[PDB]
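Given next are the chains, with one letter for each unit.
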There are 2 protein chains.
Amino acid sequence: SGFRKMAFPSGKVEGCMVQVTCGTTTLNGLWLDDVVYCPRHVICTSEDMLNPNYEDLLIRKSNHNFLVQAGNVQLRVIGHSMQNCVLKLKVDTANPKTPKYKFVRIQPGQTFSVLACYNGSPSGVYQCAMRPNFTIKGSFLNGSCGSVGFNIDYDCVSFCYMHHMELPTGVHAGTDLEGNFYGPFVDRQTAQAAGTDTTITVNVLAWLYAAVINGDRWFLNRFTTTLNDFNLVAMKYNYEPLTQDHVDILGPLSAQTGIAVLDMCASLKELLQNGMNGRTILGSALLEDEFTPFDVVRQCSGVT
Amino acid sequence: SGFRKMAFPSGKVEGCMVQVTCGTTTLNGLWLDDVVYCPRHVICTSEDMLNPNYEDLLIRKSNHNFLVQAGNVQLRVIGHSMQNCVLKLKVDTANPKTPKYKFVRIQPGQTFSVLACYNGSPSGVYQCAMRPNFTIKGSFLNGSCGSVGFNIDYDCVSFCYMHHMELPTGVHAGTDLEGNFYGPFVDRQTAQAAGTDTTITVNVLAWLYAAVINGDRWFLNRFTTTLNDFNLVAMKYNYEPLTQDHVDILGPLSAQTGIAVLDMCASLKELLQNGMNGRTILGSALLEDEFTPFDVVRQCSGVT
Ligand SMILES: *CC(=O)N1CCN(Cc2cccc3c(CCNC(C)=O)c[nH]c23)CC1
Ligand SMILES: *CC(=O)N1CCN(Cc2cccc3c(CCNC(C)=O)c[nH]c23)CC1
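Residues numbered from 1 in each chain as written, not as in the entry; some residues may be left out. Chains lettered and ligands numbered in written order. Heavy atoms only, no water.

Method of determination, as annotated in the archive: X-ray crystallography, at 1.570 Å resolution.

### Concerning the sheet that holds strand β5 (residues 73–75) of chain B
Residue and element names in this part refer to chain B. Keep this limit in mind: At least two bridges found by DSSP between two strands is the condition for calling them paired. Put simply, DSSP H or I for four residues or longer makes a helix, DSSP E for two residues or longer makes a strand, and each gets a number counted from the N terminus. To define axes, lines are fitted to C-alpha atoms, for helices over the stretch in contact only, and angles between the resulting N-to-C directions are given on a 0 to 180 degree scale.
Across the sheet, which stays open at both edges, the 7 strands sit in the order β5-β4-β1-β2-β3-β7-β6 with antiparallel pairing between neighbours. Among the strands making up the open sheet, the edge pair consists of β5 and β6 (77–83). Across the sheet, the axes of successive neighbouring strands diverge by a mean angle of 30°, strand direction being ignored. Note: β6 against strand β7 (residues 86–91), 6 bridges, orientation antiparallel. The residue bridging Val77 from the neighbouring strand is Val91, located in β7.

### Details of the domain arrangement of chain A
Residues and elements named next belong to chain A. Threshold: An automatic or database domain assignment supplies the start and end points of every domain. Contact between two residues is taken to exist if any of their heavy atoms lie within 4.5 Å; hydrogens are not considered. Defined in terms of a 1.4 Å probe, buried area is the accessible area two parts forfeit on being brought together, summed over both. Here a polar contact means two N or O atoms within 3.5 Å. Within protein one must be a hydrogen donor candidate and the other an acceptor candidate, and residues neighboring in sequence count only if both atoms are side-chain atoms.
The domain architecture assigned to chain A consists of domain 1 (1–14 + 100–197), domain 2 (15–99) and domain 3 (198–301). One C-alpha centre belongs to domain 1, the other to domain 2, and the line joining them spans 18 Å. Facing the 34 residues of domain 1 at the interface are 28 residues of domain 2. Here domain 1 and domain 2 share an interface that buries about 2400 Å² over both sides, 55% of which is from carbon and sulfur atoms. The largest share of the area that domain 1 buries against domain 2 comes from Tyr101, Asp187 and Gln189, three residues that together contribute 23% of it. Applying the counting rule to domain 1 against domain 2 returns 21 residue pairs in polar contact.

### Here we look at the relation of the copies chain B and chain A
This is how it is decided: Between copies, superposition follows a least-squares criterion applied to the C-alpha atoms.
For the pair chain B and chain A, the relating rotation is 180°, the translation along its axis is 0.0 Å, and the fit reaches an RMSD of 0.0 Å. The superposition operator between the copies reduces to a two-fold rotation axis. No C-alpha of chain B approaches the rotation axis more nearly than that of B:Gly11, which lies at 1.8 Å. Here 100% of the contact residues of chain B are again contact residues in chain A; the copies associate through an equivalent surface.

### Observations regarding the pattern of salt bridges
Residues and elements named next belong to chain B. Note the following rule: Within this document, salt bridges are pairs made up of a side-chain nitrogen of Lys or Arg and a carboxyl oxygen of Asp or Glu, the two lying within 4 Å of each other. To sort residues, take the accessible area from a 1.4 Å probe on protein chains only and compare it with the maximum for the residue type: under 20% means buried, over 50% means exposed, and anything in between is partly exposed.
In total, this model carries 22 salt bridges over all chains according to the counting rule given. Two residues, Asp197 and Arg131, come together in a salt bridge whose shortest N-O distance is 2.8 Å. Here the residue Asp197 occupies a position in the loop between β13 (172–175) and α3 (201–213), and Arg131 occupies one in the loop between β10 (121–129) and β11 (148–153), the gap between them amounting to 66 residues. For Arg131, a relative accessible area of 3% gives the class buried.

### Description of the sheet that holds strand β3 (residues 35–39) of chain A
Residues and elements named next belong to chain A. Read across the sheet, 7 strands follow the order β5-β4-β1-β2-β3-β7-β6 without closing on themselves; strand pairing throughout is antiparallel. The open sheet has two edge strands, β5 (73–75) and β6 (77–83), and neither has a second partner. Pairs of neighbouring strands in the sheet enclose a mean axial angle of 30°, with direction left out of account. Examined bridge by bridge, strand β1 (residues 17–22) and strand β4 (residues 66–70) share 4 bridges and lie antiparallel to one another. Residue pairing in the sheet places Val20 in a bridge with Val68 of β4.

### Focus on the site of ligand 1
Residue and element names in this part refer to chain A. Filter applied, for reference: Neighbouring residues are identified by heavy atoms, a residue being near a molecule or strand if any of them is within 4 Å of it. The accessible surface values rely on the Shrake-Rupley method and a 1.4 Å probe; as for residues, cover is taken only from the protein chains in view. The classification used treats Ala, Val, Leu, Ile, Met, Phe, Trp, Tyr, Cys and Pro as nonpolar, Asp, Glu, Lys and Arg as charged, and all other residues, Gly among them, as polar.
Taken together, 16 residues lie around ligand 1, and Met49, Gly143, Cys145, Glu166 and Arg188 are the ones closest in. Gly143 has a polar backbone atom sitting 2.9 Å from an oxygen atom of ligand 1. A total of 560 Å² of accessible area belongs to ligand 1 in isolation, and the protein chains cover 78% of it. Taken together, the residues that form the shell around ligand 1 break down as 5 nonpolar, 8 polar and 3 charged.

Laid out in structure tokens, this is it:
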């Protein structure tokens, strides 16, 4: 027992990290097979960052301008191309440590692990959720760009994120591995509005189910509610409206604990309206929304 | 910017994990060079767990009874010995993936990453602190025993923990890599008192410094305090007394932010006496104590 914000083991991704340098700018790249993927802003200087014309900036660059170093060994760049906001540098050597992998575009509300890197070297790993507003609340300093987010299903790494920027608000924005940004963000140093964020209701309910499984039960009550009633409360407190799809995903946890999903909604309703009266749930003094129903089941069943 | 409970990249440790089976019991082992380290209770059945005589149980076992599997390859066991609460199985093959490593006994209040494993397969990674009462609040299910805790300094892994047990209270106990338990715990299925836990004061102050660096400043006040005064409040709220050694360790963060350590103590004093009035600090609604001053500096400076 016990419940922690657990990230996937990062080994398979550490073996893919490389340093990409173009001119004076250095960031991280992801080496899979004979291709290195990195943010296209590796070709900018601070002089260009306010309003870059990426097509024009990339035209002044040749394969020999992209310096790719895997730890201490230099990769020979034999092709370069821009796809959306990523650069794909074809190298002459396939990464011997390339795991089985997929490129996936995750949905808002889903979670993933991030391997923060600096100069191609992994520094740490943590679990994130893609916010409903398509930002992530990460931990990224200058040089962390090109660090990736991923999920691991047995032997397969599904890469879902590459870090590109920090908003003036301190939240993070990035792309899928095809270079398409999550959200309305553009890779330009400009004021950018992150939309109104909401709390991921299905994840809070999943975490309440994890709390019951792990012993924390004080919040369970004698009440029930309806999806309509619950959603009136969800709206007042800026929670995502709960749908039957969310109830269906919570089915396994509802079955394991014997607590009907709408009964758990009534516990959540009372916690929203009354607060936690100074108590904690799974060591937290707030309602946690960064565990999906899949994460809770995995952490409570023991999947490797 | 941004602040997260970040664990070390687990790659170097994933390459050391093996499955150890003895009779019907399976747990995890750590393969470093030609030795596999695992909890000695791998030789028990539930029939033995209430009051085992480990010396007698180990005498009924031969090298061929210890089945060690590294992923899909079987290791040949050529020696076995018990050191405190660990077994050391000498194998005929040195682990090709053995990183540079040390065995260290961490101090209470220090942090480390845990790579939770099942059947020799890594499932996830999270950051822990060794509680002042020598327990850890982890996430471990049956079969997780033998999972290890560690720190990573550039290329060197310092193994500090091996998981052995869950107390009836749900907290976790284990040993250093010489098999010596942290705390008064014994590897026997019996009622065991974890001492009174305290909050790691120097870590809460370190996390308040991380909050200031990352923008969360609402808690800073116009007050100061003394070590004596602060410690009267620390005692009332079950915080560890602050010493000059703790002030000295906070020196770098005090210098970086320009907030004198005793001024930060006065902010902490007011948070303890007044609570957080429904506000948050670094996304938390409670005072976080699982970041050391070293962790905060590493996460805020970018060390890989
Ligand atoms: C992650 C990293 O290493 N960074 C250093 C280079 N920075 C360049 C860059 C790229 C795209 C968008 C940028 C913005 C958006 C506005 N943000 C702020 C804080 O003003 C700023 N710099 C950008 C990315 C970060
Ligand atoms: C971690 C793991 O895989 N476990 C399964 C085997 N268990 C055996 C064991 C070893 C040492 C001490 C034990 C206790 C102490 C009392 N705890 C409770 C909850 O009653 C129980 N089982 C023990 C360890 C866990």
